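Contents: one structure, followed by commentary.
2 protein chains.
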Amino acid sequence: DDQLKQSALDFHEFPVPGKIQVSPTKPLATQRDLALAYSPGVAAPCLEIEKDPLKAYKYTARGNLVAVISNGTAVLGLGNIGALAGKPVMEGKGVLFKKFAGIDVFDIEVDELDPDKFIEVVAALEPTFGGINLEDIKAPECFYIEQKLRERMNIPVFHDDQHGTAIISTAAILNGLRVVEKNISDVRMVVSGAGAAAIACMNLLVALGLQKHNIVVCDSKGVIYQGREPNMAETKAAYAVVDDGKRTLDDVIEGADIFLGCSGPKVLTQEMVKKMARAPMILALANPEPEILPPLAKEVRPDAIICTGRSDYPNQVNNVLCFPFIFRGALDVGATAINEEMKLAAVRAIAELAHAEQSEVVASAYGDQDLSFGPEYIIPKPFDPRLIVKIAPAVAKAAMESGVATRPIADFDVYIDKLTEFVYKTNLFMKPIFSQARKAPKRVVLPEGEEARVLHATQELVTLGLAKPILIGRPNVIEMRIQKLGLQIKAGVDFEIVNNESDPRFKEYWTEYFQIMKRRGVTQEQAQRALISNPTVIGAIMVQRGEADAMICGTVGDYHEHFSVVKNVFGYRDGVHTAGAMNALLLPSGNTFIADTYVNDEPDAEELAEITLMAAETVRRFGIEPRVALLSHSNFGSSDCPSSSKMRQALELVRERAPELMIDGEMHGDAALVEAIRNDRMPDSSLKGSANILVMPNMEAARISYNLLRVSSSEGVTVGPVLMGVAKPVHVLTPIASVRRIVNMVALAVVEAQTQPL
Amino acid sequence: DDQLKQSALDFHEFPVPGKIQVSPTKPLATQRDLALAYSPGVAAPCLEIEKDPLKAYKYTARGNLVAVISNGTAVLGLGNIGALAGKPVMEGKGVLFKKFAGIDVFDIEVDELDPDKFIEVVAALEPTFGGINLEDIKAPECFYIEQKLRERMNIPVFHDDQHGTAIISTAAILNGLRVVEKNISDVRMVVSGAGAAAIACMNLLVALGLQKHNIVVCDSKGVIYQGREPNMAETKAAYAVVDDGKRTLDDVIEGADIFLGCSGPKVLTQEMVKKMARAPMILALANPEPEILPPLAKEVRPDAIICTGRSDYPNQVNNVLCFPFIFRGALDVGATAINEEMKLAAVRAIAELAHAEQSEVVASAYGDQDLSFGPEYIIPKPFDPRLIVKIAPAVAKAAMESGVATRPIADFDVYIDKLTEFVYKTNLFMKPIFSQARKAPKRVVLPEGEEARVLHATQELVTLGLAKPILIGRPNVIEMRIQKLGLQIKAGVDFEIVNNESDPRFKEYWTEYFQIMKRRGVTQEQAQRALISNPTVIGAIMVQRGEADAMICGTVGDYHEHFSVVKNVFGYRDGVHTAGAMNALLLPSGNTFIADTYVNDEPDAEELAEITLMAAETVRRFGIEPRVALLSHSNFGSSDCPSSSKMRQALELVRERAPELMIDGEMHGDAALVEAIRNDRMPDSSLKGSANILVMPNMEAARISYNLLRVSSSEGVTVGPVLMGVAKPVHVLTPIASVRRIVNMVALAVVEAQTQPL
Ligand SMILES: NC(=O)c1ccc[n+]([C@@H]2O[C@H](COP(=O)([O-])OP(=O)(O)OC[C@H]3O[C@@H](n4cnc5c(N)ncnc54)[C@H](OP(=O)(O)O)[C@@H]3O)[C@@H](O)[C@H]2O)c1
Ligand SMILES: NC(=O)c1ccc[n+]([C@@H]2O[C@H](COP(=O)([O-])OP(=O)(O)OC[C@H]3O[C@@H](n4cnc5c(N)ncnc54)[C@H](OP(=O)(O)O)[C@@H]3O)[C@@H](O)[C@H]2O)c1
Ligand SMILES: [Mg+2]
Ligand SMILES: [Mg+2]
C-alpha cells in the first residue's frame, strides 16, 4: 500500500514542523509594532480586558480560536495512542478547520487520561479558548467526560462527533423522510453498534418530534431492549421496546424505516433489507466497510436511500460539513454553550441545502456536478461554497432563538455579505477537475518521458487514473530511470512508450510535419531530423493525427521553443488570432490569474482583448466568476503613455465583445486587489470586490509580478501556465515545474480533451 | 497621558482579533493538501509519533513552540488580573517572541490560581508544548510553583524572569567586574527589595564562583541577615552575615561592590554611594524610577557603572536580550530542562558581546551607533543581529556540556549559517533612523498642511520630537481641522505655519522661482501665481533658500506634478544625472527594495546603472548589505529583447563603477529571491542568498510588482518612495500614504538633512 502508505508517510513537514504556525497576523517589522505587541502598548488591551471580561474575544484569539482539546484516547479513528503521540492526526483534524472555514486550532493535548482529572485540566485551560472542540475522548468516557464538561465553562463547550455528526445525520434523516414522502411520527429505526458517535445520535434524532418507543438500540451483544438484561442499560431503556422473544437481529426489522448507525463491521444483510418496509432507508455510516455493500443491496432492491460517510459516493458526512461551520456559528455568535436548538436548526440548513442546491457558478466545463435531489442525493457533498453561509447562520440564529449568546449578530445582510466574501477567497476548483478527468481518462503525450519529474507525475497519474500516459523517449533509459527512482509503473501495462528513434510510424510522421512546414523553412531532411531529435514535434504530430488527445511539454528547454512547434502544428482556435498563457496564484484575496505571462511580449489592444476574453472564459470554466482588472502604472487615466492608452482601448474592445463580463481599468495592482482603494478612487467602478484576473500591459511586467508573488505571496500550486487560443489541448510548462504542477496540468488537459479537443 | 494612553489604547486588533493568528504555514488550497492535513494522510505523522515519541518536535509545533503558560498573577508588571483577563499583556509578551526570534507562542492561560493545582494543570498541558515559558506566576508562589514544576516534565521547563534576567544580570556583572579590573572573589553586594525577579538573581550570581558570605540580602523590612529575625528566612540565610548592629541600610555599605536589585522604588542615596568603595558598580534595575537617578549620582561621583533595565540608556535588560534566544538555545537543542550551565554559558555570550561588538553592517549614515565598551557600555543594546547567533548557540553548547539534550546540534558551522540566514530576513533599520533623527531635529516643510493625515503625522512628529514641522496652508482651515481632529498641537508652540497667501516673503519667493524658471516657460505672473497656489513650489523655495532643511510632499496630486517642481528647483545631485524612487517591502525573504517605481518610465543602461548605485548606497545607509538583482522576463540571456540587453549593459556598467557591490542579472524574480533556483540556474552567481534590491526594466513592471506585493505579500510600512538623485532632501509621497508612512519618511528626511542637505 506504499502508493498510499509511503505517499502519506511523505508528510508536508519538511520546510517547517507542524501544519499550524503560530504567527503574527499583524505586522511586526518595526520597533513601533514590537513595542505595541510586547512593550507598554500591549498593557492597554490586557488592562481593558481585565476591566470588563467582555473584551476577551475581541483583542485576542478565543474569538475564532477553538482548541481541539484531547487526551488522545480516540484519535479520529486511531484510538488511545496518547496526547502528545496523537499529534499527527490531531494536526490533521485541526488543519481541516482553518482550511475550510478559517478556524484557529491550538492543538493543546491534555496528558491527563483519567475521566475525572481530564475535565479538571480542560476547565483549567478554559480561559485560553473561546470554545473547546473536545475530540479523541474515547468511549464510554467520551459521554461521561462531555457531560461533566458541558456544565462548567461559560463558553461554547461543544464536543466532537459525540455532539458532532448528529447535525448532519438528523439533517439526512429530515431529507430522507422527505424523499419517501413519510413522516417522523410513524418511522421505525434500527441502530447497531452503539459506539462513541452512534449511541448519542438518536438522542438528537428524537428531538425532531420523534417518539422514543420507535427506536431500537443494539450493540455487539444482540439487541438492547427492555427485558433483555435484568439491569437496564442507561440512555437506552427509554427507547427499549417490550420483550417479545426477538433475540436475533435478522427478525427485529419487522418493516422498520431507518438504520442510523455509526459503528464498525457489517451487521445488516440483504434478506434483512427485504424484511424492511416499503422504501427502505438504510443509513450505513461505517467508514472502513459499508454495512450493506450499497451496490449489492441496490441490485437486490431498487429505490434505496443508502447513506454513507465516505466521499466516494454522494451524501457524505464529514466534519467539514458543519463542525468548522458550527463553531463559525457557535464562536461567531458569542454563545456560552451549544444547546439542542443549535444542534437542530443547523439540521434545517444542510437538509434544506440538498433540495435547494443550484447555480453558485457551476463550472461551465470541467467539474461535471450533475447534482439533483433524489434517492441518490440526501445531503450536500462534503465541500460547498454555501455549506458555510447556510449552516453557520443557522447555528447563530438558533443561538439567538435559545437566548444563550453574548454577541448577537446584527442584521444578517452584513453577516451574509462577509461570509460570502470569505467564500470567494477560498476555492478548490482543482478537485472537480480531478473528479471529471478520472471518470474519462484520455491519452496524453509527455514528450519529456525520461525526466524524473515527468516519471513521478506519470506514476501519480496512473495511480489516480487521471490519464493514459504516452511517454516519448528511449525505452532503455526510461526503464533504468524508473527502476532507480523506485516507481511501480511498467511499459505497456500502465503507460505507452513511443521511441523517438526506430518509431514504426516515422515515415508517416515526418511526412505530415513536412507537409505542414514545407513552405515555412523546413525541408524533408529537416523534417526527418525533427521527428527523431525533437520530442515536442513527435507529440504534436501524434495529437494532430489523433493517436493522442493532449500534450504536456515544456519541462525542458525554452517556452517558445515548444510553443512555436505547438502553434505551427495545431494553429490557432477558430475565431481566435492570438494565444496567451495564464498563471494561477493563491493570494490572500483568493485565486488570482495573471494573463499572458509567456506568449506575447508586447500585445496590442486587440490581442489584449482576445487574451482577456479567453482568460475570462477559462476562469469561468474553473467555476470561478471572472472579475477582470487591466493593470497599468496609471490609475484611471493618470498617465498618457501608449501602454495605458492600449489598456483603455482593450477595455473598450472587451466591453464591446462581452457586455456581461465584470471588468474595469486601467488601474493599479492595489486598486484591483483591495476594494477600499478602488472605491476611494472610482466609486462607480464596474469591478466588485477583488479582481481574480489580472491582465498586464507587457510580458515583462506579468512575468516579474508572477515570479515575485509566487515565491513571496502564494500558498500552493494549482495550474499554470494555462495555454489559451491553440486549436488542440496542449500546455507548455516550465523546466522548474514540480510533479504536482505536471499532474494538475495533465488533469486539466485531459478534461479539456473531453470537450472536443479541437 | 492620552498621547500614550489613547495611542496605546488604539491597539492593532481591528483587522483580525489577536496578534497571533494560528494559520497553516503549509499550503491548504487544494483537496490534496486538505486530505494530507485532516484526512487519511495526516494519520501517518500521528502514527509515526506514537510509534516512537522521538518525532514529537519534528512533525508538529512543540519544536519552536513555547507556551507562556500563566495564571495571570503577575502579568509582566501588572499583577493578578487573571488568566483570561491577562490576555492583552499576555499577547504583548508573546509577540516579542516571534517578532525577534520567531518563537511560536500559544497564549494558553491556566485559570487555576492555587499554588498546587496550577502545577497540576500545567503538567496536564505539558505534551502540547516543547518548553513552557512560565510567566505571570506571582511571588512568593512563583518560586514555589517553578520549583515544583521543574521536576515533572521531561521537556525544557524554563520559567520567565525568575530564571530570566539572571543570564543578562550575571553577564552584566561579569562585564562590570571586567570594567573596574576587579575579581569575583572579593566583591561585596547589596540587594534591596527581594521580589519575584530579585531574590532569585544572586543565586545565579553566586554560580560564577562567588562566595555566599559576600551577599547581603534586604527587603522592605530592613536587612535580611542572620541574627535579625529569630526565624531565619529561607534561601537568604546562606548569604546572611553575622549580627553586627547594622540596622539601617545607609551604613551596611561599608565599601560594597555591587547593587544587584530588581525591585520597586528607590532605596539608595548619594551618601550611600559615597560610602561605597572605589569604583562603585550600582546596578539599579527598577523600571518605573531608577533607584539612584543616574544623572544625579554621576554628578556626585564619576566613573559610575550604573546599569538599568530601561532602553532610554545603554545596557538595557529586556527579555528579547536572551529569553527568545534562550529557547532558541533550549528548544532548538532538544534539552529536557534548563540547568544552571544553560543559565551560565549564556552569561558568557552576551557579556562577551559587549566588549566584542564590531562591524555587522553599521549604518553608513543614519543610526549613530557609537558603541564602545566602557563605563557606559556593559551589555549589548536590547536589539542586535547577533544577540541571537551568540546567545542561542551558547545555550545549546551549555546543553551538550550538561548532557541533558535529546537532539544535539551537529557541526556549528551549519547552525551559525542558518541562524545568520534567519538574521538577514528580520531587520529593523527604522529604529536607528528614529533615534538619530530625535537627537537632532530639523525643519521639514509639509506643503499639504491642511490634510488630516499630514496633521496626524505632525502630531506624531511633535510628540516623538523627530522634526520641527513647517506646515503650509490657510491658518484658519488648519486650526479648525486640528480642533475637529482632536489633536493637541498649536501654531508656533509646536509647528510653524506658512500661509500660502499673504506670506511676508512672497516678493522674495516668486522672484527666486522666476529666476530659476524664467527660461523654462514660467513668466513673472506665473511665478507669482505659483507661489500662492502651488504649496510644493513654496516648500521647495523655502528649502532651497535655507529656511527649511527638508520637504515631504506628494500626499495630493500626481507624483510627477511634485517631482517636476523638485527637480526644477533643487536639480540633480553632483555626479548624478538621473533620479529614482525606491520602495521598501517586508517580504518573507526580508526587507526588499524596488528601484525606480515612480520617476523614469523607461530608463536606459546608464540610468539603470545610476539608479542601481544610488539604491545600493541608500540601502547601505540603512544598515543592510546591498544584494542587487536586475530583473527581467529572461533568465540569464534567455531572451534577446532590447530590455534584457539593456539590463545586461546596466550590469556591466555597475560592475565597472562598483566592483565591491554584490549584484547579478538579469534573472527572474524567483531566481533573485530564492537561492536554490539561482544555484540550479547559475551555480557561480555573484549574488548570495536573497536579493534585497530589485531593479526593474521599466516603471510599469516595477510599479505593478510593488503594488501587487504590497497588498498581497507584505507585513508593514517602513519607507517609500525614497527619492534618490536630487540635490536637497525631499521625498514625494503618494496620495494614499498613511500617517505611519509620512512619519517614517519625515524622519528619514530629517536624518538625511543631518548629512549635508545638498
Ligand atoms: N464521520 C465519520 O465518517 C466517522 C466518524 C467517527 C467514526 N466513524 C466510524 O465509526 C467507527 C468507530 O467510531 P467511534 O470512535 O465513534 O466508535 P468506537 O468508540 O470505536 O466504538 C465502536 C463500537 O463498535 C462496536 N463493535 C466493534 N466490533 C463490533 C462487531 N463485530 N459487531 C458489532 N459491534 C461491534 C463496539 O461496541 P462494544 O463496545 O459493545 O463491542 C464499539 O463500542 C469506525 O468504523 C469509524 O470509522 C466514522
Ligand atoms: N526586565 C525588567 O525590566 C523587569 C522585569 C520584571 C520586573 N521589573 C521591575 O521589578 C518590580 C517588580 O517586579 P517583580 O514582579 O519581579 O516583583 P514583585 O513581585 O512586584 O515584588 C516587588 C517587591 O518589591 C518590594 N517593595 C515594594 N515596595 C517597596 C518599598 N517601598 N521598599 C522596599 N521594597 C519594596 C516588595 O517586597 P515586600 O513583599 O517585602 O514588600 C515586593 O515583594 C517593578 O519595579 C518592575 O518594573 C523589571
Ligand atoms: Mg476524531
Ligand atoms: Mg511578565
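For the record, the sequence lines run as chains A and A'. A prime marks a further copy of an entry chain.
Quick note: the first sequence uses the entry's author numbering, first residue 2, plus one each step.
Quick note: the second sequence uses the entry's author numbering, first residue 2, plus one each step.
Where is the CB? At the ideal position from N, CA and C, for every residue including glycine.
Three-way DSSP call (helix, strand, coil) for residue i in this model
| i | result |
| --- | --- |
| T593 of chain A' | strand |
| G670 of chain A | helix |
| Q22 of chain A | strand |
| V463 of chain A | helix |
| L354 of chain A' | helix |
| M615 of chain A | helix |
| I307 of chain A | coil |
| residue 848 of chain A' | Any question about residue 848 of chain A' goes unanswered here, given that chain A' covers just 2 to 759. |
| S71 of chain A | strand |
| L532 of chain A' | helix |
| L175 of chain A' | helix |
Euclidean distance between Cα positions of residue i and residue j
| i | j | result |
| --- | --- | --- |
| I339 of chain A | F130 of chain A | 15 Å |
| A195 of chain A' | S186 of chain A' | 23 Å |
| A57 of chain A' | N72 of chain A | 15 Å |
| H563 of chain A | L35 of chain A' | 34 Å |
| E548 of chain A' | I542 of chain A' | 9 Å |
| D385 of chain A' | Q359 of chain A' | 11 Å |
| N500 of chain A' | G690 of chain A | 42 Å |
| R622 of chain A' | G466 of chain A' | 22 Å |
| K443 of chain A | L456 of chain A | 18 Å |
Best match in the options for proximity to residue i [C-alpha to C-alpha]
| i | options | result |
| --- | --- | --- |
| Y510 of chain A | A:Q527, A:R520 and A:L652 | A:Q527 |
| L66 of chain A' | A':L588, A':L465, A':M697 and A':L332 | A':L332 |
| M154 of chain A' | A':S691, A':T537, A':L135 and A':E611 | A':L135 |
| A438 of chain A | A:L462, A:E452, A:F423 and A:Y425 | A:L462 |
| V712 of chain A | A':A238, A':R679 and A':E451 | A':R679 |
| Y573 of chain A | A:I380, A:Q317 and A:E608 | A:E608 |
| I539 of chain A' | A':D671, A':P505 and A':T464 | A':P505 |
| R658 of chain A | A:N636, A:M697, A:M615 and A:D685 | A:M615 |
| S365 of chain A' | A':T619, A':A399, A':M203 and A':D313 | A':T619 |
| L55 of chain A' | A':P291, A':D559 and A':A336 | A':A336 |
| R349 of chain A' | A':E127, A':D371 and A':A399 | A':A399 |
CB-CB length for residue i against residue j, believed under 8 Å
| i | j | result |
| --- | --- | --- |
| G726 of chain A | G487 of chain A | Contact flag wrong, Cβ pair sits at about 39 Å. |
| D258 of chain A | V207 of chain A | The pair is not a contact, with the Cβ atoms about 14 Å apart (cut-off 8 Å). |
| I595 of chain A' | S706 of chain A' | 7 Å |
Output, in sequence order along the chain, the residues in the stretch 168-195 of chain A' whose CB is closer than 7 Å to any CB in chain A.
none
Give, in chain order, every residue of the stretch 226-241 of chain A' whose Cβ lies closer than 7 Å to some Cβ of chain A.
None of the residues of the stretch 226-241 of chain A' has a beta carbon lying less than 7 Å from any beta carbon of chain A.
For the stretch 678-700 of chain A', which residues have a CB atom closer than 8 Å to at least one CB atom of chain A, in sequence order?
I678, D681, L695, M697, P698, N699 and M700
Residues of the stretch 701-735 of chain A in Cβ contact with chain A' at a cutoff of 7 Å, in chain order, please.
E701, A702, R704, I705, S706, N708, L709, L710, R711, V712, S713, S714, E716, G717 and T719
Using a Cβ-Cβ cut-off of less than 9 Å, list which residues of the stretch 653-678 of chain A approach chain A'; keep chain order.
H669, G670, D671, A672, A673, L674, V675 and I678
Interface residues of the stretch 633-645 of chain A' facing chain A [CB-CB below 7 Å]:
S633, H634, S639, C642 and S644
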